[PDB]
Amino acid sequence: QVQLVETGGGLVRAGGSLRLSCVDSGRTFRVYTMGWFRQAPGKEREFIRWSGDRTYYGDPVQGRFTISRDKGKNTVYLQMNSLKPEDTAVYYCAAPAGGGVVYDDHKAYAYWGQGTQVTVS
Amino acid sequence: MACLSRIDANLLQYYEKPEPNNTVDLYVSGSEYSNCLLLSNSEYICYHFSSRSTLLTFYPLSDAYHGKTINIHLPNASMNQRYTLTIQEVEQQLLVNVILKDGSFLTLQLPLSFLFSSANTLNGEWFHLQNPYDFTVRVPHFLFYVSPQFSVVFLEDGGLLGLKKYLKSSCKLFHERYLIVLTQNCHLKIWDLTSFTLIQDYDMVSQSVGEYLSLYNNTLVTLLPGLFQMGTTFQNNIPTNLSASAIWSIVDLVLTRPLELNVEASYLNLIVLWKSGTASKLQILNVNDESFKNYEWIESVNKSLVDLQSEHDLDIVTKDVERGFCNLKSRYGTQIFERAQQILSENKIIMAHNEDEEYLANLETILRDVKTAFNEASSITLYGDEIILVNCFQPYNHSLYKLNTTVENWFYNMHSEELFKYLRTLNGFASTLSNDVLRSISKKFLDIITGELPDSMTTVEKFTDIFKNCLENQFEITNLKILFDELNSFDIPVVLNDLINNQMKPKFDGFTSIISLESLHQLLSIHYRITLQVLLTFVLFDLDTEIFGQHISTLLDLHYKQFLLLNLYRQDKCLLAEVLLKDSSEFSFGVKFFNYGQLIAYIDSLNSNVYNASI
């Protein structure tokens, strides 16, 4: 029964900077990653696997957000520079089970840790 | 009975960086066919005609990784793949004749020293096509290279032309000027020079584009859509039948002199390849003198030992998902593995890394499919004086069908009908054991040899302990009864001596490595299975240390050596090759395989260097 907590969210003006973090309590594996998905209020959940062997970013945040992992650990950070009202959503960690995919809602065995955030101008 | 083993040769397997480091792309403005050509010097160059037209690759078979490849593109597509092209070496230079779709005739002049030198790009107008003397209305699909600097070109509705740039009047050239053609109906037709007429044409004789002709001396072999028609200025003989279940299509056909076989006196051998999609079958016709006394069919093992070890879970030596990932990366060439990785990435299949099973199973099945697609046959080439070689579709992929020894013939043909029966009974019992029990028994033998099991223990005590720790579990007691009753029928020490003392214990390469390592691996894996079974018989019923003392000692010795070399094959095949080829070669680079007996002799020499090493 591994947990998956996360902090760092809040309300900031457009163009500000935030830092999301997410760690695991249980052992599980050194394998499953943590997709930093997001979901706008009303919309669907949208868009660092295997110890940074490859990384994938979404089109609305490329060059603006920076994900990072600690070596041999279940920790995922997300430096969110140049925030905009389009980034106003609720973001989620992730954790797969079996064969996975970075572009689907099938990805996780356990995410949870929902957190609301907003952005003004 | 299957008498030939398949040996898959990936020319880029020992190196962790495909493709070769030096590749040359020459412009002129999956796969489809592959073959190999022998030059003036002792070297075989390979060419591929993949993806229909606009593809002409060249690479040396000997040094595929360090030697450079030549990619010759094409400006206009071709009307036919592999059949519109004649490669011939004239004056230390590869003449490459192609008819494009524009009706243009391209002649490529590739010097020998270019393909073997380390030069990147060389200036010069080697390419020189010809726009005239061809028309859009009449397009020819075939092209045959006559020996005296000539090119005959046939079209659809039974017509031909001759190239002298244009002189007019399947297919092969009998003697010197005799062009023996083949039609679609079909019916053969002879030519001469006398370039205008035909000596004889064939009737339909019903009641009685590809490679369907194969000539050797005064004897021709043709295919009748199957019926193998034979014909020895005479044109007459008797056809023979085939062996077919589903629908097969012939790939290539070569008529040659006899090879070393376990048959009576014969006169000719006939190597035929068939292909069903990705799979392929090799068969050999053995014909006695004057094409009347016999017509025997010899089968072969259409899959290598590695594919069979991966399919039927007969592997025992190989050893978490990281270790298994490295095992899969080593069992296949880096080319196959990278192709599988890219195919998985296209389908967006993110690896689950540690504690993943779905991903590893998907990787295994994708690697199997990729290797089976890479090994799709396209043509046959005769190596050495009698060595058989099959060029696969994907580049750097080939397969040698090796002559089997008595041990390998006994292994592959277990079900067919004194030592053979003893080995058959041993395997009949040993198959009832799971791989876990076999691995535990082998590890107990390793403990015996190394000293992890106590040496003060009598061999009988050692075997009682091995039974009470590994075989103490439930094995079908009726199988033990059957095994004991069948073993009571044999003269055990005589066949044991026959197995031990006679049957088992007795220019860069490169290519000699890729074949020698795999053949040695096959031979020693068979030896390992047989030794495991014999020592299992020893453990099942304790025997006097006096009777089989030297027997059991040498058995444990050879089992230890076999396990060690199989584990050394599991990883770093390149350095294993380097060591085994430096120990037994005067130049530390190997031996040139010229005949079947020579190849088997080198394999047995490696086996001897293995069995006599210092423990």
# chains A, B, ... in the order shown; residues from 1 in each chain; ligands from 1

call {"tool": "residues_around", "arguments": {"residues": "residue 99 in chain A", "least_positions_apart": "6", "cutoff": "6 Å", "atoms": "only C-alpha atoms", "output": "number ranges by chain"}}
result
B: 352, 358-359

call {"tool": "closest_atom_pairs", "arguments": {"of": "chain A", "to": "chain B", "cutoff": "9 Å", "atoms": "only C-alpha atoms", "output": "CSV"}}
result
residue,atom,partner,partner_atom,distance
A:28,CA,B:355,CA,8.5
A:29,CA,B:354,CA,5.9
A:30,CA,B:354,CA,6.0
A:31,CA,B:353,CA,4.7
A:32,CA,B:352,CA,5.7
A:33,CA,B:352,CA,8.3
A:49,CA,B:350,CA,7.6
A:50,CA,B:353,CA,5.8
A:51,CA,B:353,CA,8.8
A:96,CA,B:352,CA,7.4
A:97,CA,B:352,CA,7.6
A:98,CA,B:358,CA,5.5
A:99,CA,B:359,CA,5.2
A:100,CA,B:350,CA,5.3
A:101,CA,B:350,CA,5.0
A:102,CA,B:350,CA,6.7
A:103,CA,B:348,CA,7.8

call {"tool": "select_by_dssp", "arguments": {"residues": "range 361-537 of chain B", "states": "strand (DSSP E or B)", "output": "NGL selection string"}}
result
:B and (377-383 or 387-392 or 397-403)

call {"tool": "residues_around", "arguments": {"residues": "residue 534 in chain B", "least_positions_apart": "5", "cutoff": "12 Å", "atoms": "only C-alpha atoms", "output": "MDAnalysis selection string"}}
result
chainID B and resid 422:427 429:430 441:442 445 487 492:493 495:496 499:500 527:529 539:541 548 551:552 554:556 558:559

call {"tool": "write_last_selection", "arguments": {"atoms": "N, CA, C and O atoms", "output": "CSV table (one decimal), in the first residue's frame"}}
result
chain,number,residue,atom,x,y,z
B,422,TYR,N,20.5,-46.3,-26.5
B,422,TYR,CA,20.8,-45.9,-25.2
B,422,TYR,C,20.6,-44.4,-24.9
B,422,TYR,O,19.9,-44.0,-23.9
B,423,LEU,N,21.1,-43.6,-25.8
B,423,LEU,CA,20.8,-42.1,-25.7
B,423,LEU,C,19.3,-41.8,-25.8
B,423,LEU,O,18.8,-40.9,-25.1
B,424,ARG,N,18.6,-42.6,-26.6
B,424,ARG,CA,17.2,-42.4,-26.8
B,424,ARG,C,16.5,-42.7,-25.5
B,424,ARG,O,15.6,-41.9,-25.1
B,425,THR,N,16.8,-43.8,-24.8
B,425,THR,CA,16.2,-44.1,-23.5
B,425,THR,C,16.6,-43.0,-22.5
B,425,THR,O,15.7,-42.6,-21.7
B,426,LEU,N,17.8,-42.6,-22.5
B,426,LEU,CA,18.2,-41.6,-21.5
B,426,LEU,C,17.4,-40.3,-21.7
B,426,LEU,O,17.0,-39.7,-20.7
B,427,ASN,N,17.2,-39.9,-22.9
B,427,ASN,CA,16.4,-38.7,-23.1
B,427,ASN,C,15.0,-38.9,-22.8
B,427,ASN,O,14.3,-38.0,-22.3
B,429,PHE,N,13.8,-40.7,-20.5
B,429,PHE,CA,13.5,-40.4,-19.0
B,429,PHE,C,13.8,-38.9,-18.7
B,429,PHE,O,13.0,-38.3,-18.0
B,430,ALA,N,14.9,-38.3,-19.2
B,430,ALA,CA,15.3,-37.0,-18.8
B,430,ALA,C,14.3,-35.9,-19.2
B,430,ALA,O,14.2,-34.9,-18.6
B,441,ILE,N,20.6,-30.3,-10.5
B,441,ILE,CA,21.5,-31.4,-10.7
B,441,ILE,C,22.8,-31.0,-11.3
B,441,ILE,O,23.9,-31.4,-10.8
B,442,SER,N,22.8,-30.1,-12.3
B,442,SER,CA,24.0,-29.6,-12.9
B,442,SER,C,24.8,-28.8,-11.8
B,442,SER,O,26.0,-28.8,-11.8
B,445,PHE,N,26.6,-31.1,-9.6
B,445,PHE,CA,27.8,-31.6,-10.3
B,445,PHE,C,28.9,-30.6,-10.3
B,445,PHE,O,30.1,-30.9,-10.1
B,487,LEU,N,17.5,-49.9,-19.6
B,487,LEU,CA,18.9,-49.9,-19.4
B,487,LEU,C,19.5,-51.3,-19.2
B,487,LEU,O,20.6,-51.5,-19.5
B,492,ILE,N,26.2,-51.5,-20.9
B,492,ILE,CA,26.4,-50.1,-20.6
B,492,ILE,C,27.8,-49.7,-20.7
B,492,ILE,O,28.1,-48.6,-21.2
B,493,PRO,N,28.8,-50.4,-20.2
B,493,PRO,CA,30.2,-49.9,-20.2
B,493,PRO,C,30.7,-49.8,-21.7
B,493,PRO,O,31.5,-48.8,-22.0
B,495,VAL,N,29.0,-49.1,-24.5
B,495,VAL,CA,28.4,-47.9,-25.1
B,495,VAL,C,28.9,-46.6,-24.4
B,495,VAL,O,29.1,-45.6,-25.0
B,496,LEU,N,29.2,-46.7,-23.1
B,496,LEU,CA,29.8,-45.6,-22.4
B,496,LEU,C,31.2,-45.2,-23.0
B,496,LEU,O,31.5,-44.0,-23.2
B,499,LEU,N,30.8,-43.6,-26.3
B,499,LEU,CA,30.4,-42.2,-26.1
B,499,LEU,C,31.6,-41.3,-25.7
B,499,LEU,O,31.7,-40.2,-26.2
B,500,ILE,N,32.4,-41.8,-24.8
B,500,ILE,CA,33.4,-40.9,-24.1
B,500,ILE,C,34.7,-40.8,-24.9
B,500,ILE,O,35.2,-39.7,-25.2
B,527,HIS,N,26.6,-32.0,-26.4
B,527,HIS,CA,27.5,-32.7,-25.4
B,527,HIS,C,27.0,-32.5,-24.0
B,527,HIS,O,27.0,-33.5,-23.2
B,528,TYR,N,26.6,-31.3,-23.7
B,528,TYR,CA,26.2,-31.0,-22.3
B,528,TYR,C,24.9,-31.7,-21.9
B,528,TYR,O,24.8,-32.2,-20.8
B,529,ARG,N,23.9,-31.7,-22.9
B,529,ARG,CA,22.7,-32.4,-22.6
B,529,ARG,C,23.0,-33.9,-22.4
B,529,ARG,O,22.5,-34.5,-21.4
B,539,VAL,N,23.2,-40.9,-10.9
B,539,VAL,CA,22.6,-40.4,-9.6
B,539,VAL,C,21.4,-41.2,-9.3
B,539,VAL,O,21.1,-41.6,-8.1
B,540,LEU,N,20.6,-41.6,-10.3
B,540,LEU,CA,19.4,-42.3,-10.1
B,540,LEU,C,19.6,-43.7,-9.4
B,540,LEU,O,19.0,-44.0,-8.4
B,541,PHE,N,20.5,-44.5,-10.0
B,541,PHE,CA,20.9,-45.8,-9.4
B,541,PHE,C,22.4,-45.6,-9.1
B,541,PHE,O,23.2,-45.5,-10.1
B,548,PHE,N,33.0,-47.4,-13.0
B,548,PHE,CA,33.0,-46.2,-13.8
B,548,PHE,C,33.8,-45.1,-13.2
B,548,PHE,O,33.4,-43.9,-13.2
B,551,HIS,N,35.5,-43.2,-15.8
B,551,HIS,CA,34.3,-42.7,-16.5
B,551,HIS,C,33.7,-41.5,-15.8
B,551,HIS,O,33.6,-40.4,-16.4
B,552,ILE,N,33.3,-41.7,-14.5
B,552,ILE,CA,32.7,-40.6,-13.8
B,552,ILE,C,33.6,-39.4,-13.6
B,552,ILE,O,33.1,-38.2,-13.7
B,554,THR,N,36.0,-38.3,-15.7
B,554,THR,CA,36.0,-37.6,-17.0
B,554,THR,C,34.7,-37.0,-17.3
B,554,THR,O,34.6,-35.9,-17.9
B,555,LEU,N,33.6,-37.6,-16.8
B,555,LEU,CA,32.3,-37.1,-17.1
B,555,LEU,C,32.1,-35.8,-16.3
B,555,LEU,O,31.6,-34.8,-16.9
B,556,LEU,N,32.4,-35.8,-15.1
B,556,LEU,CA,32.3,-34.5,-14.3
B,556,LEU,C,33.2,-33.4,-14.9
B,556,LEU,O,32.8,-32.3,-15.0
B,558,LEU,N,34.2,-33.1,-18.1
B,558,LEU,CA,33.7,-32.5,-19.3
B,558,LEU,C,32.4,-31.7,-19.1
B,558,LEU,O,32.2,-30.7,-19.8
B,559,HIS,N,31.6,-32.1,-18.1
B,559,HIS,CA,30.4,-31.4,-17.8
B,559,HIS,C,30.7,-30.0,-17.2
B,559,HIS,O,30.1,-29.0,-17.6
